[PDB]
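Q: Questions regarding the structure given below will be posed in turn.
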Amino acid sequence: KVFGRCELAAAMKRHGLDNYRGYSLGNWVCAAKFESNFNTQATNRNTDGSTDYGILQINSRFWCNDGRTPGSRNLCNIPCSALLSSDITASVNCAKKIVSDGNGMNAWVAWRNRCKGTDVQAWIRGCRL
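If you use PDB author numbering, the sequence shown closes out at 129, no skipped numbers anywhere.
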């Protein structure tokens, strides 16, 4: 499912991400835009052999089980395929854990390079929230 900007904003807010761990909604929407272009089915493979999955591009080396990333962890305790669903609950539950891990949103490389320090408020402009 390719989410619409405001559509996602609403879903994220509903799932308790606005101001989660001190990060305003604009940060979460900007991170999704740059990580997957709002596509829940996005997948990207890394050189280490791990893969990133979904809307938030969560990594198989540490967060989910994809059965093909030897010696990796499954901190979110879910199969990576669960992160590709049209329903973002699993992706959100897992993101909450990641963001609380010590590095904040820096865990998302697109966030650090394209969202961090920008006017993230722009990503929620005109949305009925």
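We treat Cβ as the ideally placed atom computed from N, Cα and C, and that holds for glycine.
#1: Under 6 Å Cβ to Cβ from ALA95, same chain only, skipping five residues before and after it: list those, please.
#2: Between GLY71, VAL99, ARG45 and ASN65, which has its C-alpha nearest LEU83's C-alpha?
#3: Can you tell me whether DSSP reads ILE58 as helix, strand or coil?
#4: Given a threshold of 16 other Cβ atoms within 10 Å of its Cβ, counted over all protein chains shown, does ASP52 qualify as buried or as exposed?
#5: If you reduce the DSSP assignment to three classes, tell me which class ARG45 lands in.
#6: Can you grab the Cα-Cα spacing for the pair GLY71 / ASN44, in whole Å?
#7: With 16 other CB atoms within 10 Å as the buried threshold, where does residue 132 fall?
#8: Could you name the residues of the same chain whose beta carbon sits closer than 7 Å to that of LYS97, not counting the 5 residues immediately before and after it, in chain order?
#9: Comparing alpha-carbon positions, which option in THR118, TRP111 and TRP63 lies nearest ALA32?
#10: Using a Cβ-Cβ cutoff of less than 7 Å, which residues in the same chain neighbour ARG73 once the five nearest sequence positions on both sides are dropped?
#11: Do you know whose CA, among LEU8, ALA9, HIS15 and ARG21, lies nearest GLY102's CA?
A: In brief:
#1: The residue given as residue 95 occupies position 95 in the sequence shown. Within the same chain, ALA95 has close Cβ partners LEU56.
#2: Here residue 83 corresponds to residue number 83 of the sequence shown, with the count starting at 1. Considering only alpha carbons, the answer is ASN65.
#3: On the sequence shown, residue 58 is found 58 positions in, with the first residue counted as 1. Correct three-state label for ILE58: strand.
#4: Translated into positions along the sequence shown, residue 52 becomes position 52. Under this definition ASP52 is a buried residue.
#5: By 1-based counting over the sequence shown, the position of residue 45 is 45. Reduced to three states, the DSSP call for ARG45 is strand.
#6: In the sequence shown, residue 71 corresponds to position 71, counting from 1. In the sequence shown, residue 44 corresponds to position 44, counting from 1. Their Cα atoms are separated by approximately 19 Å.
#7: Absent from the structure is residue 132, since the part of the chain shown begins at 1 and ends at 129.
#8: Looking up residue 97 in the sequence shown gives position 97. The answer, listed in chain order, is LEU75 and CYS76.
#9: Within the sequence shown, residue 32 is the residue found at index 32, counting from 1. That would be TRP111, whose Cα lies nearest to the Cα of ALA32.
#10: The residue labelled residue 73 in the question sits at position 73 within the sequence shown. Within the same chain, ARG73 has close Cβ partners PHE62.
#11: If you number the sequence shown from 1, residue 102 lands on position 102. Ranking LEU8, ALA9, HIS15 and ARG21 by Cα distance to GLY102 puts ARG21 first.
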